[PDB]
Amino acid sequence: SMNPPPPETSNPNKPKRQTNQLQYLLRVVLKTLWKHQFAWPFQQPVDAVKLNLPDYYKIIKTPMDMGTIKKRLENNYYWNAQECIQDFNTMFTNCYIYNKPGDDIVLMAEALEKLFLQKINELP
């Protein structure tokens, strides 16, 4: 496999919690971004094989996508909201590191991030 293993969504050794903030991140934040017209390039790990990007996983050390975040939320992987927020932030920063500033994917990421930042502003 020329893709790395995806980021883990279950680990018996990692303690976990359900908090109001994590339920909000699932039911409101992820739910909103997931249903956005531009969600789909972010709904699964970057497939470097399918997309013919042999340098992607030479450059991006900490890959992250909303498919992974959705499973981490549903599977109770997280201890706190900040871990989940960091995963979103990483997904956006990775996009801005790898792609050119004028690229369509960066415009898609920017639209999702604006919605994200507004929902995080409203964290309970």
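Note that residue numbering follows the sequence shown and begins at 1. If you superpose the two forms and keep the largest set of C-alpha atoms that fall within 1.5 Å, you have the rigid core.
Using the rigid core as the fitting frame, the root mean square C-alpha deviation in 8 other deposited structures of this protein is greater for 13-21 than for the other of 109-117 and 13-21.
The question of which stretch, 6-14 or 112-120, has the higher mean Cα B factor is settled in favour of 112-120. Between the residues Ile85, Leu53, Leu73, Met64, the entry's highest C-alpha temperature factor is the one at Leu53.
Per-chain ranking of the deposited C-alpha B factor places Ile69 in the lowest third.
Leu33: CA B factor in the middle third of modelled residues in this chain (values from the PDB entry). Sort the modelled residues of the chain by CA B factor and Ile59 lands in the highest third. Ranked by C-alpha B-factor against the other modelled residues of its chain, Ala39 falls in the lowest third. Among the modelled residues of its chain, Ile97 has a C-alpha B-factor that falls in the lowest third, as given in the PDB entry.
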